[PDB]
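**Student:** these are from a larger complex, still in place; more later:
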Amino acid sequence: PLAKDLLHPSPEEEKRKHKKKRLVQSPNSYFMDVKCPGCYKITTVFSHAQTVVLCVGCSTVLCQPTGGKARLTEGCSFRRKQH
Amino acid sequence: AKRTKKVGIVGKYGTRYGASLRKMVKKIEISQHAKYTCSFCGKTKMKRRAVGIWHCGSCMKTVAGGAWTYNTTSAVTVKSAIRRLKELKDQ
């Protein structure tokens, strides 16, 4: 269209764009507070974590790196940091 | 300085023996006098004593090698053949 308002885009458009090609660039990543029943301290882990992440006192290995977002070991719960 | 343009060690033969034999013989006359790194001690001291005999100036170690070069291509390949055959026969 001709009269596409570029200043106030729809929120169904800014989600549907590359992280650099928005109006203001934003990361598609987040920090997430991860629990596992072996451990007790919930730890601030990155989404695209890129390396194997460990507890205190060898409870288990939390996450594992892949091509994109990290994969969490079977039964490790996470909640996204909202600030 | 740069004493000769293209003739190297073969300048000692002067205007004798034909261009193409003197071009040919420079390739052998470099390597037969070259000092090689001794495999045993590491020192760059292996020298040709006689035909296919090689002596370390430091290690006091004699190796039977190629006539001009320390390792012949035909003797590298055969040691890789005898190793592989020893592996893939005795299993």
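**Tutor:** That came through fine. Residues are numbered from 1 along each chain as shown, chains lettered A, B, ... in the order given.
**Student:** distance of the residue nearest to residue A:46 when sequence neighbours are not counted from residue A:49?
**Tutor:** For residue A:46, ignoring the flanking residues on the chain, the nearest one in space by C-beta to C-beta, 6 or more residues apart in numbering or on different chains is residue A:31 at 6.2 Å. No exception for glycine: its C-beta is placed from N, CA and C like everyone else's. Residue A:31 sits at a distance of 10 Å from residue A:49 (criterion: C-beta to C-beta, to the nearest Å).
**Student:** neighbour count winner among these two?
**Tutor:** residue A:49 (20 against 12; other C-beta atoms under 10 Å in any protein chain shown).
**Student:** quick one: contacts for the more buried one?
**Tutor:** Residues near residue A:49 by C-beta atoms under 8 Å, 6 or more residues apart in numbering or on different chains: A:63, A:65, A:69-70.
**Student:** Could you look up the SS state of it?
**Tutor:** Per DSSP: H, G, I helix; E, B strand; the rest coil, the secondary structure class of residue A:49 is coil.
**Student:** What distance do you get for it to residue A:23?
**Tutor:** In this structure, residue A:49 and residue A:23 are 29 Å apart, going by C-beta to C-beta.
**Student:** ok, now residue B:39?
**Tutor:** As defined by C-beta to C-beta, residue B:39 lies at a distance of 67 Å from residue A:23.
**Student:** rewinding a little: let me know the closest of the contacts of residue A:49 to residue B:4.
**Tutor:** Comparing the contacts of residue A:49 against residue B:4 with C-beta to C-beta picks out residue A:65 as the nearest, at 60.8 Å.
**Student:** what's the neighbour count on residue 67?
**Tutor:** Reading this off chain A. Neighbour count of residue A:67, defined by other C-beta under 10 Å: 5.
**Student:** Oops, wrong one, chain B.
**Tutor:** Neighbour count for residue B:67, taken as other C-beta under 10 Å: 12.
**Student:** How about the contacts made by it?
**Tutor:** B:32, B:51-52.
**Student:** can you slot in chain C too:
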Amino acid sequence: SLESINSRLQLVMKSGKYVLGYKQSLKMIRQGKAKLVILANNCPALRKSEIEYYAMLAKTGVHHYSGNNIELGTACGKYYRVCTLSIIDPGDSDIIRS
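**Tutor:** Just below you will find chain C, in place on the chains above:
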């Protein structure tokens, strides 16, 4: 684990205490100071068999390095040939743990 021991050496050359060479290393075995003795693969068979016997006496570890005295030299960041090397303080390297 060939790639990693060249990085552990880099970390003990910078921060650690040690002695290169043969006679200097054999002194530090008898002093009880040497934790680990690293040998080049082209080390004379009797010098390898003497180091090993001094090490099983002193109750220390022997690493058989995957490279000759020249490669051990360039591994230690030096411009000469190292056949025998013995670490006293690992410094801040995980070389004695592996």
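**Student:** mind redoing the neighbour count of residue B:67 now chain C's in there?
**Tutor:** Summarising burial for residue B:67: neighbours were counted as other C-beta under 10 Å, giving 12.
**Student:** what about the residue lying closest to residue C:63 once chain neighbours are set aside, which SS state?
**Tutor:** Spatial nearest neighbour of residue C:63, excluding adjacent residues (C-beta to C-beta, 6+ apart): residue C:38 at 4.5 Å. With three-state DSSP as the basis, residue C:38 sits in strand.
**Student:** Repeat that for residue A:23.
**Tutor:** Secondary structure assignment for residue A:23 (three-state DSSP): coil.
**Student:** Count the residues that sit near it.
**Tutor:** Neighbours of residue A:23 under the rule other C-beta under 10 Å: 12.
**Student:** Identify the bridge partners of the residue nearest to residue C:63.
**Tutor:** Note on residue C:38: beta-bridge partners by DSSP bridges are residue C:63, residue C:85.
**Student:** pretty sure it contacts residue C:85?
**Tutor:** Yes - at 4.6 Å, residue C:38 and residue C:85 qualify as touching, with contact defined as C-beta atoms under 8 Å.
**Student:** From chain B, how far off is residue A:24?
**Tutor:** Counting by C-beta to the nearest C-beta, to the nearest Å, the gap between residue A:24 and chain B amounts to 62 Å.
**Student:** Next up, phi/psi of that residue, please.
**Tutor:** phi -120, psi 120 (degrees, to the nearest 10).
**Student:** Next one: it from residue A:17, what distance?
**Tutor:** 11 Å.
**Student:** And these two? Which one has more around it.
**Tutor:** When neighbours are counted by other C-beta under 10 Å, residue A:17 comes out ahead of the other of residue A:24 and residue A:17, with 13 against 5.
**Student:** ok now do residue C:50, which residues does it touch?
**Tutor:** Residues near residue C:50 by C-beta under 8 Å, 6+ apart: residue C:26.
**Student:** ditto for residue A:24
**Tutor:** Going by C-beta under 8 Å, 6+ apart, the list of residues near residue A:24 is empty.
**Student:** Write out the residues of chain B neighbouring chain C.
**Tutor:** Within chain B, the positions adjacent to chain C are B:37, B:39-43 by C-beta under 8 Å from any C-beta of the partner chain.
**Student:** include chain D too:
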Amino acid sequence: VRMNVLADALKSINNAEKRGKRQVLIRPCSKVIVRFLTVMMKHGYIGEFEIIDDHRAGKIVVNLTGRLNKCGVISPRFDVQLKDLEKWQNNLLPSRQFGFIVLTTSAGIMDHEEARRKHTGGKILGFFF
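**Tutor:** Alright, chain D goes in next:
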């Protein structure tokens, strides 16, 4: 790579107007881009525009009217006297009536008439009509 920011900015709004768009984004902002557009705006060639200050080179959304035929940069920036200024507007402007040559000078960035009334030439940026 990007070695002239006016060039890209002016030819990014030029294509957008030929295409018949009502507003246009132009990615790298400058002092001189905003001081060029303000000169374009006060002669009634574009509407008002907004700056998107992210913490880099911010973006600019210009609200285009269909009045501007062509804005064009002159690269490199030829330093012009007042006597050189006359011949520069015989080969860049289509009339002695409408269209301006934006030129930077010690007073500020302005059209060829305001440079004539302030007796101070400088370097040419571009033109527009």
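**Student:** so, the neighbour count of residue A:23 revisited with chain D in the model?
**Tutor:** Once other C-beta under 10 Å is used to define contacts, residue A:23 is seen to have 17 neighbours.
**Student:** Just give the nearest non-adjacent residue to it, would you?
**Tutor:** residue D:52 (5.8 Å).
**Student:** And what about whichever residue of chain B sits closest to chain A, helix, strand or coil?
**Tutor:** Closest approach of chain B to chain A (C-beta to the nearest C-beta) occurs at residue B:87, with a separation of 37.2 Å. For residue B:87, the reduced secondary structure class is helix; criterion used: three-state DSSP.
**Student:** Same question for residue D:11.
**Tutor:** Assigned with three-state DSSP, residue D:11 falls in the helix class.
**Student:** can you give me the strands for chain B?
**Tutor:** Assignment of strands within chain B using DSSP state E yields the ranges B:46-50, B:53-56, B:62-64.
**Student:** Ok, which of the ones you listed comes nearest residue C:51?
**Tutor:** Comparing the strands of chain B against residue C:51 with C-beta to C-beta, the closest turns out to be strand B:53-56 (22.5 Å).
**Student:** okay but residue D:103 is in contact with residue D:123, surely?
**Tutor:** Yes - shown here, residue D:103 and residue D:123 form a contact pair, counting by C-beta under 8 Å, at 6.4 Å.
**Student:** Counting neighbours, what do you get for the residue of chain B found nearest chain C?
**Tutor:** Shortest chain B-to-chain C distance, computed as C-beta to the nearest C-beta: residue-wise this is residue B:42, at 4.6 Å. As a burial measure, residue B:42 scores 22 neighbours (other C-beta under 10 Å).
**Student:** need the contact list for it.
**Tutor:** C:42, C:68-70, C:81.
**Student:** if we go to 6 Å?
**Tutor:** Residue B:42 is in contact with C:68-70, C:81, counting by C-beta atoms under 6 Å, 6 or more residues apart in numbering or on different chains.
**Student:** And residue D:103 and residue D:123? Which one has more around it.
**Tutor:** Regarding residue D:103 and residue D:123, a neighbour count based on other C-beta under 10 Å identifies residue D:103 as having more, with 26 against 14.
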